[PDB]
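# Overview (structure and organization)
Chain by chain, the residues run as shown.
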Amino acid sequence: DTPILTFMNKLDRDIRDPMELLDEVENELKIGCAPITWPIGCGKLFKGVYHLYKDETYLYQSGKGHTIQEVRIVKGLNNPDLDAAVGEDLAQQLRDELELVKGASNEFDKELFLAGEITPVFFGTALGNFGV
RNA sequence: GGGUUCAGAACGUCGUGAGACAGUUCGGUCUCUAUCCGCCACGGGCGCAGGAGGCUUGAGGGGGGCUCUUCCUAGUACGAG
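As a starting point, this report considers the structure included with it. (Residues numbered from 1 in each chain as written, not as in the entry; some residues may be left out. Chains lettered and ligands numbered in written order. Part of a larger assembly, values for the part shown. Heavy atoms only, no water.)

### Side note on the overall build of chain A
- Along its length, chain A carries 4 helices and 5 strands.
- Listing every helix and strand of chain A by position from the N terminus yields α-β-β-β-β-α-α-α-β.
- The C-alpha radius of gyration of chain A comes to 15 Å, within 12% of the 14 Å expected for a compact globule of 132 residues.
- Taken across its 132 residues, chain A has 33% of its residues classed as buried.
- Taking contacts inside chain A between residues at least 6 apart in sequence as the whole, the part at least 24 apart equals 58%.
- For chain A, the accessible area works out to roughly 8,700 Å², and carbon and sulfur atoms hold 54% of it. (Helix = DSSP H or I, 4+ residues; strand = E, 2+ residues; numbered from the N terminus. Rg over C-alpha atoms; globule rule 2.2 N^0.38 Å. Buried < 20%, exposed > 50% of the residue type's maximum accessible area, 1.4 Å probe, protein only. Contact = heavy atoms within 4.5 Å. Areas by Shrake-Rupley, 256 points an atom, 1.4 Å probe, with all protein chains shown as cover.)

The structure is reproduced here in structure tokens:
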């Protein structure tokens with residue numbers, strides 16, 4: 001029952017779904033999920049994730065793994081610039097979709113993380129360098 | 001004018017012989033002047049329902065259209081690999 005952070009590879013293309021996801025580790029596996037960062041578009045239009053304990057959006061770039069694409073952080077949450085660079089609908093879309101995160105999962109607990117029972121959950125794709 | 005299709009001449013060859021065999025072999029004169037149609041271009045004559053100097057519309061003609069590699073999407077639809 002030793003710690004074990006979670007990771008979601010393949011953030012370059014589309015995906016089945018962040019909801020029922022971590023949800024099978026509660027029935028079969030048996031471990032609570034604590035999302036520290038969420039999606040911002042799958043596929044080519046992919047736009048990375050966003051940290052929850054840092055309130056700041058990471059912006060990924062197309063094609064890049066050997067030379068990590070420059071890093072760009074748009075802190076300001078619903079702040080327009082984020083919305084504009086990641087698209088309105090989309091930027092507050094996740095906003096409403098992110099709202100879904102407020103309900104159906106927990107926050108981040110350092111002590112339950114090790115005390116065996118939970119797992120920190122990370123999101124990102126290696127082939128991208130974005131999310132490592 | 002290399003192949004073949006004139007003389008020489010040579011072998012295999014058939015013919016007694018002269019000779020001969022879409023059998024071989026080496027050798028062997030390709031004719032300065034475009035009149036008429038055509039065609040490439042270039043003028044001179046008259047005409048365009050007044051003399052002129054220009055700049056012009058464009059019916060109708062012509063010209064030209066070709067293709068390869070590699071990178072990005074994207075190691076992603078797809079695929080167990």
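### Observations concerning the packing of aromatic side chains
- If you walk through the whole model with that rule in mind, you get 5 aromatic pairs.
- Consider the rings of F46 and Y60, whose centres lie 5.0 Å apart with planes at 65°: the pair is edge-to-face. Remark: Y60 occurs in the loop between β3 (56–59) and β4 (72–73) and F46 occurs in the loop between β1 (32–35) and β2 (50–51); sequence separation between them is 14 residues.
- The class of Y60 is buried, set by a relative accessible area of 17%.
- When the centroid spacing of 5.5 Å and the interplanar angle of 75° are considered together, the rings of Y60 and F130 count as edge-to-face. (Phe/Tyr/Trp six-rings, centres within 6.5 Å; stacked < 30°, edge-to-face > 60°.)

### Quick look at the state of the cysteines
- All chains considered together, the criterion is met by 0 disulfides.
- Between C33, a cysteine without a disulfide, and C42, which holds the nearest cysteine sulfur, the sulfur-to-sulfur distance is 17 Å.
- Overall, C42 belongs to the partly exposed group, its relative accessible area being 28%. (Disulfide = S-S within 2.5 Å.)

### Looking at a nonpolar patch on the surface
- Together, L5, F7 and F122 make up an exposed nonpolar region whose accessible area comes to about 270 Å².
- On the secondary structure map, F7 appears in the segment before α1 (25–29).
- Owing to a relative accessible area of 35%, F7 belongs among the partly exposed residues under this scheme. (Patch = residues over 30% accessible without salt bridge, like charges linked within 9 Å, V, L, I, M, F, W, Y side chains within 5 Å. Salt bridge = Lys/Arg side-chain N within 4 Å of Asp/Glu carboxyl O.)

### Considering the protein's contact with RNA strand B
- Every residue near RNA strand B is listed here: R13, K44, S62, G63 and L127.
- Counting only the atoms of RNA strand B that lie within 4 Å of the protein, the sugar and phosphate share comes to 95%.
- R13 places a side-chain nitrogen or oxygen 2.2 Å from a phosphate oxygen of RNA strand B.
- Its residues placed into classes, the surface near RNA strand B shows 1 nonpolar, 2 polar and 2 charged. (Near = heavy atom within 4 Å. Polar contact = N/O pair within 3.5 Å; in protein donor to acceptor, adjacent residues only side chain to side chain. Nonpolar A, V, L, I, M, F, W, Y, C, P; charged D, E, K, R; others polar.)

### So, the nonpolar core
- Membership of the largest hydrophobic core comes to 13 residues, with the highest contact counts inside it found for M8, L22, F46, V121, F123 and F130.
- Aside from chain neighbours lying at most four places away, what touches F123 is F7, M8, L21, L22, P35, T37, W38, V49, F130 and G131.
- Core analysis: the second largest hydrophobic core is formed by 6 residues, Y50, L82, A91 and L94 among them. (Core = buried A, V, L, I, M, F, W, Y, C linked by side-chain atoms within 4.5 Å.)

Interpretation in functional terms is not warranted from these geometric data alone.
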